[PDB]
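Encoded as structure tokens, the following chain is the form deposited in one PDB entry, with no partner shown.
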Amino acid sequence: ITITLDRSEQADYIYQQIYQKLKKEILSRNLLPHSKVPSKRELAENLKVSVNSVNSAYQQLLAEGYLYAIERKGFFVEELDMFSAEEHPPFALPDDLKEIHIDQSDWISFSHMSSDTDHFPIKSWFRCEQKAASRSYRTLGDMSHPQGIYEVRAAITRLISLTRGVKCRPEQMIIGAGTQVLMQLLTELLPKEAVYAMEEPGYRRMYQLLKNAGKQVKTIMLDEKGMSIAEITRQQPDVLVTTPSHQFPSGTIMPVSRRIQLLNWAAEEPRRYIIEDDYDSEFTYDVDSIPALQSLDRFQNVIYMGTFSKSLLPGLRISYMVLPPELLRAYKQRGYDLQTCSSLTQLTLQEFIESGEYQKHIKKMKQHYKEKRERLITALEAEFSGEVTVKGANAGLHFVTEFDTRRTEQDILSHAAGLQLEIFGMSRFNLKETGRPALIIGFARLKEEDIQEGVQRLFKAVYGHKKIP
């Protein structure tokens, strides 16, 4: 039949155009099943091309299965089933076209899920990456140890021992790439019918994870000392998920008395565990870093989970999990797990820590965040006056703000979105399902220049002030 070739410079190769055309004619039944195609030399002369082109085109059709060959004379069109001719679905629904990529500027964000990128020593970080690459060539092994590179885990071990008081062997550590991955892995090491208990309000993300994992999740109310031991002994769970260093999102710090109560509870009966979601303990502005709950544990019932998400690059995402011996044995009986963190990044982190650049970085950021947090609880107090109520300790990268307004939380979040302001509600942290109505205020990715404007935008959103045309 008719085959037109394109002699263009940047067109597909000759042999490519040939089998593409033949694929089309076979799929459209123009070339009947089991019908003989011309010989290589015959079709070549007919298209005035090299026989090696027709051969390469045929071999392509042979390998894919459009043609089959018989030992003597000719190739034949393989018999292909006709398409089901069902209802063809439309292409790209408009509501899924929500991705309207445009411009992140000038948006002002009060998000708690990021970090400042302006004060990050990117030059020192790249020096650590180059140094690690020239010493660990060729990237040590090929991939990585399932728990992560040992030297990297041993580095993090020394760090959290000096800064958190966490006592563990590198063998106990597992990274990483977010707590969401480590949490999933942990739920499979814990008993299948283990009852989990979370703080209300708390981390909605872990709640969704535990619910989608088919695990029963209890909700434990908070008091002035944090997670209520009274409700824990009442509902009687198996595994606790707490944030004692800085409660998410209430902001309260669990005192040593309440910690000992929990530790004693976990020692009362076997198969009881406490999960430590430590995510911003390295940032305290009135006091030093508080020794984590795991540091006081003597029964190895505490699972410590740390992260570098808020401390390093915003998108880096590297977490770690410290497993007690009994859970480590459960992990080693697997052997099919793969490391989710880039081995090249791990080596960089090891060098960033060992060179002392990390702790040096934390010190500078802690002062920067300290200064950014007020001015912030000063513009809010200047704008809202007594209409704003600020809850939460003087630490971390977020605090709660309650407002006196008739508008709902949704109406506030809608106006802010229309004023190019990224803020998040407080009702989303309600696990079991007020009105304050409260908002979570982050200042990690917040620029110091956009502080006064952000508060002014926030005010209009709270009281629904219309724009003057």
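So that the term is clear: the rigid core is the largest set of C-alpha atoms that superpose within 1.5 Å between two forms. Shifts are known only where both forms have a C-alpha. Throughout, we count residues from 1 along the sequence that is shown.
**Q** Using the PDB record, quantify the missing residues of the deposited sequence between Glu433 and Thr434 as none, 1 to 3, 4 to 9, or 10 or more.
**A** Count of unmodelled residues in between: 4 to 9.
**Q** Would you tell me which stretch averages the higher CA B-factor in the PDB entry, 322 to 330 or 94 to 102?
**A** The entry gives the higher C-alpha B-factor average to 94 to 102.
**Q** So 117 to 125 or 359 to 367, which one's hotter by mean CA B-factor in the entry?
**A** The deposited B-factors put 117 to 125 ahead on the C-alpha mean.
**Q** Just the C-alpha B-factor column, please: which of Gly178, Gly141, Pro170, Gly251 has the biggest number?
**A** That would be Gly141, according to the entry.
**Q** Say you rank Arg258, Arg153, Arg272, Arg375 by Cα B-factor from the PDB entry; which sits at the top?
**A** That would be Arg375.
**Q** Place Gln235 in the lowest, middle or highest third of its chain's C-alpha B-factors, as listed in the PDB entry.
**A** Its C-alpha B-factor belongs to the highest third of this chain's values.
**Q** Mind checking which third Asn52 falls in for C-alpha B-factor across the chain?
**A** For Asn52, whose C-alpha B-factor we compare with every modelled residue in the chain, the answer is the middle third.
**Q** Of the three thirds of its chain by CA temperature factor, lowest, middle or highest, which one includes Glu64?
**A** Answer is lowest: the recorded C-alpha B-factor places it there.
**Q** Place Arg457 in the lowest, middle or highest third of its chain's C-alpha B-factors, as listed in the PDB entry.
**A** As the PDB entry reports it, the C-alpha B-factor of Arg457 lands in the middle third of its chain.
**Q** Within this chain's modelled residues, let me know which third the CA B factor of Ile149 belongs to: lowest, middle or highest.
**A** Lowest third - that is where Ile149 ends up once the chain's C-alpha B-factors are sorted.
Omitted here: the form deposited in another entry. The next part is about that form.
**Q** Superposed on the rigid core, does the Cα of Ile441 end up 2 angstroms or more away between the shown form and the other one?
**A** Moves: no, less than 2 Å.
**Q** Aligning on the rigid core, do we see the C-alpha of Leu61 shift 2 angstroms or more between the shown form and the other one?
**A** Yes.
**Q** With the core lined up, does the C-alpha of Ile451 move 2 Å or more between the shown form and the other one?
**A** Not so; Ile451 is displaced by less than 2 Å.
**Q** With the two forms aligned on the rigid core, where do runs of 3 or more residues move by 2 angstroms or more at the CA atoms between the shown form and the other one?
**A** Once the cores are aligned, runs 7 to 35, 37 to 45, 48 to 69, 74 to 84, 93 to 99 are those whose C-alphas move by at least 2 Å.
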